[PDB]
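J.: 3D, please:
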Amino acid sequence: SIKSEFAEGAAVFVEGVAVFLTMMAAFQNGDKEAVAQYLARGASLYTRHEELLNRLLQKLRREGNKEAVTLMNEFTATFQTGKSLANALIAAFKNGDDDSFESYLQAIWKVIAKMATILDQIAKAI
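T.: Numbers count the residues shown, from 1 in each chain. And now the structure:
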């Protein structure tokens, strides 16, 4: 259902946010071993969420819920376009460029916050 897909996606979102926050703290402490592990998990969570978003979008399209569909378009567009920042974050890790890594972390947090606002709006429109 729309509601089961939404809640499952929201739980994956919450897990990714929590991993991202944990990663930020590890990076502040310079713990590159831990940052590597969290980056790997964050990538897997990205994939799971992508699947759940598409499943949700298909259900919303079929039900005909216009407000929710428009919001989901914005969420998915932000999610897809946001991958360019995530790829830059990974590259900065692989190159040892801590200054770039920090910068993308703080920029990505702004995207996460916008995504969370969209998800709250979707939850109220379904």
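
J.: residue 73: how many residues sit nearby?
T.: 13 (other Cβ atoms under 10 Å). To be clear about C-beta, it is placed using only N, CA and C from the backbone, and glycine gets the same treatment.

J.: okay, and it sits in which element?
T.: The secondary structure element spanning residue 73 is helix 66-81 (assigned by DSSP states H and E).

J.: show me the contact partners of that helix.
T.: For helix 66-81, contacts defined as Cβ atoms under 8 Å, 6 or more residues apart in numbering pick out 2, 49-50, 53-54, 56-57, 60-61, 111, 114-115, 118-119, 121-122, 125-126.

J.: for stretch 33-52, same thing?
T.: 5, 8-9, 12-13, 15-16, 19-20, 22-23, 26-27, 79, 83, 86, 89-90, 93.

J.: only C-alpha atoms, please: export that stretch in CSV.
T.: Coordinates of each C-alpha in stretch 33-52 appear next as CSV, following Å, rounded to 0.1, in the frame of the first residue of the first chain:
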residue,chain,number,x,y,z
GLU,A,33,38.3,3.5,9.6
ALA,A,34,34.8,4.3,10.9
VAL,A,35,34.0,6.8,8.2
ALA,A,36,34.8,4.2,5.6
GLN,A,37,32.4,1.7,7.2
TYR,A,38,29.6,4.3,7.4
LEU,A,39,30.1,5.5,3.8
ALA,A,40,29.7,1.9,2.7
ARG,A,41,26.5,1.5,4.7
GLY,A,42,25.2,4.9,3.6
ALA,A,43,25.6,3.7,0.0
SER,A,44,23.6,0.6,0.6
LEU,A,45,20.9,2.6,2.3
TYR,A,46,20.8,4.9,-0.6
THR,A,47,20.0,2.0,-2.9
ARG,A,48,17.3,0.5,-0.6
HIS,A,49,15.7,3.9,-0.4
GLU,A,50,15.7,4.3,-4.1
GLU,A,51,13.8,1.1,-4.5
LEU,A,52,11.2,2.1,-1.9
